Structures are given as C-alpha cells and as structure tokens.
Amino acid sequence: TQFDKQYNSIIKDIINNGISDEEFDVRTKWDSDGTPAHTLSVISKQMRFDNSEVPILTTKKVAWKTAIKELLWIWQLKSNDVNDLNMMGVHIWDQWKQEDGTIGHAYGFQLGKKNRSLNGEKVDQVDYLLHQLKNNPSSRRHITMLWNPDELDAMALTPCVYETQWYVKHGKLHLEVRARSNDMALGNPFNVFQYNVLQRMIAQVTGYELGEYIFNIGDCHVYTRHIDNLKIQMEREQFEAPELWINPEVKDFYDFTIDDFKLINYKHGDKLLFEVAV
C-alpha cells in the first residue's frame, strides 16, 4: 500500500477539488515578498495501510531520522523542554521555545502527566495505554489524547496529530491516528511514517502482530507556490519502499534509542525546494 499511490491520490484532489482560503485575511506569509501566501484545501481525507510495507515517500526523501527522533521526545521522553530535543540534534522547534526552554503544556507534557489510576497508584497516558493493551486487549478505550481543553491556553502551540485509537483484534494491533490539520507538502509525509514507527514499536514490545495503519486528516491543504512543484513529484519515479529495521532484542518501550532504527535500501527522489513561509 505504497504511501506514494495514496499521497498523490490526495494531492491532485486538492489542486482540483480544494477550496482557496483566499476569502480570508491569512496571517501566514511567504518570505521573498511578505505577500500573504495562500492555500487550497479539502475537509476529511484518510490514508490506510495494511503494513506490508513502510509508509514513506519515494518520490522525495523524508526526515525519517529527525522523524523518529521527535517521536522519542514526545512519547518516550514525554518532554516539553526543547533542550532535550536540541540534545538529539533537532532544532526545528527552536522557534516555539519559551523563555524557560519548553513549549508549554503541550505534546510530551500531556503524555507524562500522572493522571490515571492504576492499582492504587497514579500513572500517565503512555503507561496506562501500555498495561491495558496486554491485560485488557478487547477494551474499546485505548486512547491517548493531546488536545487538553484545560491546558490549551497554556500550550505554546496547538497540536496536529493529537490523538490515537488502538485495537487488539486477532493477535493484531491496529493503529488509527488523527490530525486536525496537515500540510501535504511539508507536514504529512513526515507525520504519517512517524506515527507508524510508534506503532511498530509498541507492537513488538506488547508482542502482537501489526494490524491496519490508518491515518486521519481533518483540514488538508497545500500552499499555492507549492502546487507547480507538487505536480513534478507526482510524475517522479516510484521505487519500492525500504525495509525499516528495529532491534528485536528490545523488550521495553523505554529501551529504544535512535540507534535501533535503520531504514534499509531506501531509494527516493531528488531535492525539491518548497518556498519558505512564516
């Protein structure tokens, strides 16, 4: 179920069926003329994968490394402090760094919260999701939630991929994910494969085969300047997906390191520059 087939199956749709944000006074803008940059969009689109292969673009390179790195920060480290993410070599967050170093009450800070009761002892979303999966697989409640109505005003930025719903059906683990928004041009390919990594990880530790991987986008859009450039990507060549490796010797979620993930034989397209926009 190549990520490519579905990816371009959604792009043209947006160029052809998308609605321009025009009618409004957007705040975001390019960087070569300050001229407010404008987009086209569609509501509610969905990408599903049977897991016979890694969902990753092959008509362009993805930040597969920076992607898994940011994953450990949010779900493994459950940290909101940017320094931790700077320690991994990633800086793409430096922009929302608060005078104290963190991004406020969002992302990792939501998962680390010891808010659930588990055998006369409080625990956090990630720890709760873990135990229940192997002691309450049938449960129709396996849900992580980033969108906290209580601390929304306290986060330095509103999350995109904010929730997930897992299912344990027939020795299989299914992962559904949802984004309230998503840039198909610079945000989607990175997020997708990234949250699919997280799936393979818990899958291995809980000892359950991988089920379907489903990714849900609410507002899907692309910027205008990015269109002419996406059309080429569509016609670009399509190679076979790589073979992501993950040390099988690991048996604990918090044992994984950026050194246990290796994408093998990853053929992808060439450099494609997509104009910057504040």
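Rigid core: the largest C-alpha set superposing within 1.5 Å between the two forms. Numbering starts at 1 and runs along the sequence shown.
Comparing 91 to 99 with 124 to 132 by root mean square Cα distance to the shown form in 4 other deposited structures of this protein, with the rigid core used for the fit, gives 91 to 99 as the more displaced stretch.
For 42 to 50 versus 28 to 36, the mean Cα distance to the shown form in 4 other deposited structures of this protein after rigid core alignment is larger for 28 to 36. The stretch 124 to 132 shows the higher mean C-alpha B-factor when 187 to 195 is compared against 124 to 132 in the entry.
Legend: mean Cα B-factor per stretch from the PDB entry, 30 to 38 versus 241 to 249; the higher mean is in 30 to 38. The entry lists C-alpha B-factors for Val205, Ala154, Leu146, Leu77, and the highest of these is at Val205.
Within the selection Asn83, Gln110, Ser117, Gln165, the deposited Cα B-factor values reach their highest point at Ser117. Ranked within its chain, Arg200 lands in the lowest third, by CA B factor from the PDB record. For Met234, the recorded CA B-factor ranks within the highest third of the chain. Only modelled residues enter the ranking.
Ranked against the other modelled residues of its chain, the C-alpha B-factor of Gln6 as given in the entry falls in the lowest third. Sort the chain's modelled residues by C-alpha temperature factor and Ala106 lands in the middle third, per the entry. The deposited CA B-factor of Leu175 belongs to the lowest third of values across its chain.
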